[PDB]
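Working notes, structure below.
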Amino acid sequence: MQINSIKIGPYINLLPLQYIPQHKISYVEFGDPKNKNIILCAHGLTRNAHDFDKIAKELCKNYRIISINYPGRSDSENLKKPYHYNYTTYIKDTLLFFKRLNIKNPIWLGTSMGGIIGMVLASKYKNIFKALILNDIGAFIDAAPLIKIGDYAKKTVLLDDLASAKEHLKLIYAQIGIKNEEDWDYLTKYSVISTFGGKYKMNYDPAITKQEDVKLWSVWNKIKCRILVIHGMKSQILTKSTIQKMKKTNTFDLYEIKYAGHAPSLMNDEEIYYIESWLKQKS
């Protein structure tokens, strides 16, 4: 497991006017650096690159796997202004990242926010991805479950030890469906970090948390690559109705997971081996 980093920027976002400073993007890499077969993994909203460590350790024999820590997450530098945390910044950062590390035609694996980033990128640039895997995220999201998730993250929490930290993760990530305790331990290890005073906090900038339904249909329709949609059956972020409507405008394979909600951890061998299988269909 390699932990590297590059500095990108500065640049300017138009509409609205923003100045994005030079910031350090850390990333976690597995496998052979010279491998032309690349999988890029993009974490969820408050998550980080280490969410893909287990699946990467399994796939790094056939693929080069790069997991990007987006600004304000894990070992990636924070953005000074909370409004800089947006999809325009993320898109530019991702594209800048690609050129810097010479990444071409990779497979995109995105959870939550990471999936949306991949969706937009693939919708904007037709042949940017060899394949696209969406981890419980689709062309539409109801506002009601989105508000619920936001309010959990909105409350900032301090934690005594790793034991109380894990029990916190088992509550806020109760839907991810991790089956092994060893994987709960690994997740906790890279989800929280010690602070001065002996407490533990979530290893991300709380400014990231700073209403209406979400429609990504125009984006979903323009995607022109191979798509795998992983769906947690008890998920409220991605529903069966959304999936049914998605099929009318685009074609994709569907991986349904009964025991998980939003979103599957990709830490169960069950889930890992299926994805590895799906990737082997094409080559």
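Positions of Cβ are backbone-derived with ideal geometry, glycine not excepted, and every protein chain shown enters the neighbour counts. Quick note: the coordinates plus some simple rules give every number you see, no bench work behind them.
Within the set 81/248; 57/155; 92/130, which residue pairs have Cα atoms separated by over 31 Å? Kindly include the intermediate steps, with their values, before the conclusion.
Working: 81/248 40 Å; 57/155 33 Å; 92/130 20 Å.
Checking Cα-Cα distances, 81/248; 57/155 exceed 31 Å.
Taking a ≥ b ≥ c as the square roots of the Cα gyration tensor eigenvalues, with a/c under 1.5 meaning rounded and otherwise prolate when a/b beats b/c, else oblate, which class fits region 211-252?
Working: a/c = 2.00, a/b = 1.23, b/c = 1.63.
Cα axes put region 211-252 in the oblate bin.
What FRET efficiency comes out for the pair residue 142/residue 250, r = Cβ-Cβ distance, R0 = 25 Å, nearest 0.05?
Working: r = 20 Å, r/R0 = 0.80.
After rounding, the FRET efficiency stands at 0.80.
Would you kindly derive the ³J(HN,Hα) couplings of region 137-154 from the backbone phi angles with the Karplus curve 6.51 cos²θ - 1.76 cosθ + 1.60 (θ = phi - 60°), listing them in order in whole Hz, with x for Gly and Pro?
8, x, 7, 8, 10, 5, 6, 4, x, 6, 5, 4, 4, x, 6, 5, 6, 5
Report ³J(HN,Hα) in whole Hz for each residue of region 3-11, in order, from the Karplus equation J = 6.51 cos²θ - 1.76 cosθ + 1.60 where θ = phi - 60°; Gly and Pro get x.
After applying 6.51 cos²θ - 1.76 cosθ + 1.60, I find 10, 10, 7, 10, 9, 10, x, x, 8 Hz.
Just to be sure I understand the model, the point goes 7 Å from the Cα along the line to the Cβ. What's the resulting residue 87 to residue 181 distance in nm?
Reported label-point gap for residue 87 and residue 181 is 4.2 nm.
What Kirkwood radius, in Å to one decimal, follows from the Cα pairs of the chain?
On the way: mean 1/r = 0.0521 Å⁻¹.
That comes to 19.2 Å for the chain.
Among 55, 44, 21, whose Cα lies farthest out toward the positive end of the dipole of the chain, if unit charges sit on the beta carbon of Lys, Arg (+1) and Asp, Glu (-1)?
The residue sitting most towards the positive pole is 21.
Need one word for region 69-184: rounded, prolate or oblate. Basis is the Cα gyration tensor (sqrt eigenvalues a ≥ b ≥ c); a/c below 1.5 gives rounded, then a/b vs b/c decides.
prolate
Setting aside same-chain residues fewer than 8 positions from residue 258, which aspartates and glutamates have a Cα under 13 Å from its Cα?
136, 270, 271
Which far-off residues, 5 or more places away or on another chain, put their amide H under 5 Å from the one on residue 140, with H placed in the peptide plane?
Here 216 satisfy the definition.
Please give the calculated 222 nm ellipticity per residue for the chain, where each DSSP H segment of at least 4 residues contributes -39500 (n - 2.57) and the sum is spread over every residue; nearest 500 deg cm²/dmol? Provide the component values of the computation, followed by the final result.
Numbers: 9 runs with 91 residues, N = 283.
Value at 222 nm, helices only: -9500 deg cm²/dmol.
Can you give me the three principal axis dimensions of region 135-223 from its C-alpha atoms, in Å, biggest first?
Largest to smallest, the principal-axis extents are 48, 31, 22 Å.
Of all DSSP beta bridges in the chain, what percent run antiparallel (nearest 5)? Don't skip to the answer; put the middle values down first.
Values: 21 of 45 bridges.
Around 45 percent of the beta bridges assigned by DSSP in the chain are antiparallel ones.
Let me know the charge dipole size of the chain about its Cα centre in debye, to the nearest 20, where only the beta-carbon of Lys, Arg (+1) and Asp, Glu (-1) is charged. Walk me through the numbers on the way to the answer.
Details: 41 positive and 27 negative charges, 263 e Å.
Charge dipole of the chain: 1260 debye, to the nearest 20.
Report the Rg/Rh value for region 29-121, based on alpha-carbon coordinates and the Kirkwood definition of Rh.
On the way: Rg = 12.8 Å, Rh = 13.5 Å.
Ratio of gyration radius to Kirkwood radius for region 29-121: 0.95.
Can you list the residues, at least 5 places off or on another chain, whose amide H is less than 5 Å from the amide H of residue 11, using H built in the peptide plane?
20
Consider just the alpha-carbon atoms of region 1-80 and return their Rg together with their Dmax, both in angstrom.
Expressed in Å, the Cα Rg and Dmax of region 1-80 come to 14.2, 44.
Treating the beta-carbon of each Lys and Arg as +1 and of each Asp and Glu as -1, no other charges, what is the dipole magnitude of region 13-164 about its Cα centre, to the nearest 20 debye? All intermediate terms of the calculation are to be shown ahead of the outcome.
On the way: 21 positive and 13 negative charges, 147 e Å.
The calculation lands at about 700 debye.
If you plug each phi of region 107-123 into the Karplus form 6.51 cos²θ - 1.76 cosθ + 1.60 with θ = phi - 60°, what whole-Hz ³J(HN,Hα) values come out, in order, with x for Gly and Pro?
Once θ is set to phi - 60°, the couplings for region 107-123 become 8, 9, 10, x, 9, 6, 4, x, x, 5, 4, x, 4, 5, 4, 6, 6 Hz.
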